Each structure stands twice: as C-alpha cells, then as structure tokens.
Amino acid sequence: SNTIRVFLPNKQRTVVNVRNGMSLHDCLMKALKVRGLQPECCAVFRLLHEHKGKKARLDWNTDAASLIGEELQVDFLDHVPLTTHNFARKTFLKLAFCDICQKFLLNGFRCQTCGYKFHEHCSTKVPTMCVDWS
C-alpha cells in the first residue's frame, strides 16, 4: 500500500497512509500530538542505508507521496528542553495537593526533574514528556 513506516521519538513508531498531496507534516501531526510531542520541537529524517551516513534531514513540507517505500525517522531537535520523567515515591507530611486532581495528597509520587506531584491513580494523566528549563 501507499504507506510509510515512521520511527518516532522515545522508541516509538507509526505507519501512515499517504493521501495524495499531503506533506510529511500533515501525515505526522496526529501521531506526534497524541504522543505528547510538538512538531516544532522535531525534525524528520530519511534513513540512509549505505555507508555515507545514518540519516538525512528532510523539510517538513516535503510531499509524503514522493517518499512512499522509504523508512523515515522523527527526532527531537538539538537540545530541546524535553525529557522523560523521573518519578519517586513521596509522603507529604505537610498539606499538599495533587497536580492532576487538586485533591489532598498524603502518599503520592513526585518527578525529581519537573516537580509534578500526583496520586498513583492519576499517573496516567501526567504528560508524557518532562519539561526541563532549569
């Protein structure tokens, strides 16, 4: 079929079905935003399979149909303030509130990088990417 296998940041992947006329950006917007990723923080590459390099950067507005049959990869731009969380168990002796549900938080979990504090039953609502501008 007229599909493209695109490897995504953080060891993820998707297979998009190219509609005639769509750009790489049009085909990959939903796959990135559903995974909590911003297209402005990413670049799209063509995986090279010869001795020259490992991949070559492509313009986001490139016609996707012209790359049918090639393997692509989307990576974070250089040094974007996006990383993965570092969760840790944490008992709040002093009164605290959950960042997800705003209720009382006695025994919760806190990310040691961004400070996101939450109940265990609220962890799935924590955003996938950890924003670190420290």
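Note that residue numbering begins at 1 and tracks the sequence as displayed. Take the two forms, find the largest set of C-alpha atoms that superpose within 1.5 Å, and that set is the rigid core.
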item	value
RMS Cα shift after core superposition in 6 other deposited structures of this protein, winner of 56-64 and 90-98	90-98
Gap at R46 across at least one third of the other PDB entries	no
119-127 or 15-23, whichever carries the higher mean Cα B-factor	15-23
Residue range whose averaged C-alpha B-factor is higher in the record, 50-58 or 29-37	50-58
Residue, from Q102, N107, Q73, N86, that the PDB entry assigns the highest Cα B-factor	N107
B-factor third for the C-alpha atom of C42 within its chain	lowest
Third of the chain, ranked by Cα B-factor, where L95 sits	highest
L67 CA temperature factor, ranked by third within the chain	highest
